[PDB]
Amino acid sequence: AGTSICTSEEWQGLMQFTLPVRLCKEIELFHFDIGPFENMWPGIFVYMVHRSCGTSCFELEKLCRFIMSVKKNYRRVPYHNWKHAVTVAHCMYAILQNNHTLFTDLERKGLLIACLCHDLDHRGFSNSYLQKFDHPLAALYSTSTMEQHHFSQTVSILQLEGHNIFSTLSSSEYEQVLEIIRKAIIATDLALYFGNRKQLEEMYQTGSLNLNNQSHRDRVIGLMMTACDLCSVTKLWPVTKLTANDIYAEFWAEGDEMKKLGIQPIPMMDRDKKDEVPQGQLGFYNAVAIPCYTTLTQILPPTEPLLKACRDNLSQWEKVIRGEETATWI
Ligand SMILES: Nc1cc(Cl)nc(N)n1
Ligand code: NI
Ligand code: NI
């Protein structure tokens with residue numbers, strides 16, 4: 001029921017927040033893991049917007065209201081939560097810092113906000129679920145159901161009194177940024193990823209890819225959104241392994257719901273099929289993450305460390321399968 005608004009207490013605090021010095025250099029790296037710094041997450045987001053877009057990109061008060069209200073519109077679900085939002089935004093920051101001039105000031109502001117907002121009000125249910133059991137959302141949004149919902153929630157937050165960080169933009173630029181943000185959130189539907197990646201791969205291989213071609217730009221941005229959304233697979237193995245427990249915790253709760261409604265879930269959502277997870281992650285890396293980061297690296301060479309990390313994690317899942325796992329804490 002409705003869109004949640006942060007307290008004066010919340011946003012004034014973030015305004016007064018300052019980032020410990022040692023973290024400045026860390027935040028720049030692809031592999032950086034926000035995990036051990038929970039109190040600082042909203043502040044790390046300020047810092048990234050200020051570094052990428054400049055301290056004058058947004059009136060700070062409205063930026064701070066926007067971020068903390070964004071936080072309050074994430075749910076307490078094991079995975080599609082506030083921590084994932086900031087993780088995704090950080091990956092985008094590393095991509096943009098490493099490819100800064102390829103992207104307009106409008107694209108950078110739009111994309112960091114899109115990443116932070118891309119799973120707003122996620123309920124711990126997949127599009128598969130909502131469409132299977134005809135949730136009202138599936139009727140409103142026949143395809144990319146939750147993603148269209150996340151964009152809707154983003155616009156609602158902006159429309160809160162004192163939250164509209166895009167107000168100072170020309171009328172034309174405003175429409176462009178909302179369009180940037182809409183396309184970027186929609187692209188985080190993995191259903192679209194398969195065709196997008198295949199197109200981009202084709203365009204790269206034939207040499208037709210042209211970044212001054214809007215339709216090409218939209219697709220590159222789309223794959224960037226995929227890379228950022230899946231970035232848990234690009235971290236150090238223990239970090240990757242730990243996040244995966246959260247991914248599966250959320251899936252298995254969905255599977256539990258399906259069982260009550262007389263449908264056996266897919267194995268991935270079946271908590272009594274845990275022995276199949278390492279092989280499922282192997283399949284997910286083979287069909288999704290590997291090709292994603294491969295293509296992204298061809299298009300944006302400086303993103304190559306995301307790909308090497310993901311190949312290292314693939315190998316770690318293969319070790320698990322062979323029975324060579326050593327001690328893991330969770
Ligand atoms: N977003 C996801 C989904 C699955 Cl099955 N696995 C990973 N690593 N990330
Ligand atoms: Ni999503
Ligand atoms: Ni996501």
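Sequential numbering from 1 along the given sequence is applied to the chain's residues.
For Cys6 against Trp11, the heavy-atom pair with the smallest separation is SG-CD1, 3.6 Å. Between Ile95 and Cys228, the shortest heavy-atom distance links the atoms CD1-SG, 3.4 Å. Residues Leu14 and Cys64 share a closest heavy-atom pair of CG-SG, 3.8 Å. Counting all heavy atoms, side chain and backbone alike, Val88 lies closest to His118 at CG2-CE1, 3.5 Å. Of all the heavy atoms in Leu314 and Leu282, the pair that sits closest is CD1-CD1, 3.5 Å. Heavy atoms only, all atoms of each residue included: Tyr79 and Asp229 are closest at OH-O, 3.9 Å.
One finds the CG atom of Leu169 at 6.0 Å from the CG atom of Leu106 (value rounded to the nearest 0.5 Å). A distance of 6.5 Å separates NZ of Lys235 from OG1 of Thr87, quoted to the nearest 0.5 Å.
Residues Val70 and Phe45 fail the side-chain proximity criterion, which asks for heavy atoms closer than 4.5 Å. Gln148 has its side chain out of reach of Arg182: every pair of non-hydrogen atoms, C-beta onward, lies at least 4.5 Å apart. Residues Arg123 and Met146 have side chains in contact (heavy-atom distance under 4.5 Å, counting atoms from C-beta outward). Side chains of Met40 and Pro20 form a contact here, defined as non-hydrogen atoms less than 4.5 Å apart. Counting only heavy atoms from C-beta outward, the side chains of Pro136 and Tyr141 never approach each other to under 4.5 Å. Proximity of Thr226 to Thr188: side-chain heavy atoms (C-beta onward) are nowhere separated by under 4.5 Å. Counting heavy atoms from C-beta on, the side chains of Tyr47 and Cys24 come closer than 4.5 Å.
In summary, the side chains of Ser69 and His163 do present a donor paired with an acceptor at a separation below 3.5 Å, with no hydrogens or angles considered. For the residue pair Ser172 and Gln176, a side-chain donor N or O sits within less than 3.5 Å of a side-chain acceptor on the partner. Between the side chains of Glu147 and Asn127, at least one donor N or O sits under 3.5 Å from an acceptor N or O. Side-chain contact, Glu304 with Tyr293: no donor N or O sits under 3.5 Å from an acceptor N or O. A donor atom on one side chain and an acceptor atom on the other are not found under 3.5 Å apart for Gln316 and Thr240. Side-chain atoms of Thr145 and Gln131 form a donor-acceptor pair, as typed in the model, at a separation below 3.5 Å.
When each of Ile67, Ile157, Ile113 is tested with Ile165 by the rule side chain to side chain contact (heavy atoms under 4.5 Å, CB included), just one qualifies, namely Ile113.
Between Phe32 and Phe37, the gap from one ring centroid to the other is short of 6.0 Å.
Enclosure of atom CD in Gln264 by more than 12 non-hydrogen atoms of other residues, nucleotides or ligands within 6.0 angstrom is indicated. Remark: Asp275 CG is loosely packed, at most 12 non-hydrogen atoms of other residues, nucleotides or ligands lying under 6.0 Å away. Heavy-atom neighbours of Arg217 CZ from other residues, nucleotides or ligands within 6.0 Å: above the threshold of 12.
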Output, in order, the C-alpha distance, side-chain angles, deciding distance and verdict of salt bridge (charged side-chain N to carboxylate O under 4.0 Å, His left out) for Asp256 and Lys259. CA-CA 5 Å; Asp256 288 358; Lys259 290 192 183 171; 5.0 Å; no
Show your reasoning for whether side-chain contact (heavy atoms from CB on, under 4.5 Å) applies to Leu307 and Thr294. CA-CA 6 Å; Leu307 171 70; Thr294 299; 3.6 Å; yes
With side-chain hydrogen bond (donor to acceptor under 3.5 Å, both in side chains) as the test, would you mind laying out the steps for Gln12 and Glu61 before giving the verdict? CA-CA 8 Å; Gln12 290 184 320; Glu61 298 79 8; over 6 Å; no
Under the criterion side-chain hydrogen bond (donor to acceptor under 3.5 Å, both in side chains), I'd like the reasoning laid out for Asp246 against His84: C-alpha separation, chi angles, the key distance, then a yes or no. CA-CA 10 Å; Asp246 297 351; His84 170 66; over 6 Å; no
side-chain contact (heavy atoms from CB on, under 4.5 Å) assessment of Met48 paired with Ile27: CA-CA 8 Å; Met48 297 193 292; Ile27 290 162; 3.9 Å; yes
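By the 6.0 Å and 45° rule, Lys274 stacks over the aromatic ring of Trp252.
Using cut-offs of 30° and 60° for the angle between ring planes, the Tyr248 and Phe251 rings count as perpendicular. Ring geometry for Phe166 against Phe58 counts as perpendicular: the plane angle is over 60°, on a 0 to 90° scale with 30° as the lower cut.
Remark: side-chain polar atoms of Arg219 are not paired, donor with acceptor, to backbone N or O of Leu200 under 3.5 angstrom. Listed for the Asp218 side chain is no donor-acceptor partner under 3.5 Å among the backbone atoms of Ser215. Using modelled atom types, one side-chain atom of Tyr74 and one backbone atom of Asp119 make a donor-acceptor pair closer than 3.5 Å.
Linking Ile, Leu, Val, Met, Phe, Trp and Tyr residues whenever their side-chain heavy atoms come within less than 4.5 Å places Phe125 and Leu140 in a single cluster. Connection of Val320 to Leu236 is not established within any shared hydrophobic cluster, with ILVMFWY side chains joined at heavy-atom distances below 4.5 Å, either directly or through further cluster members.
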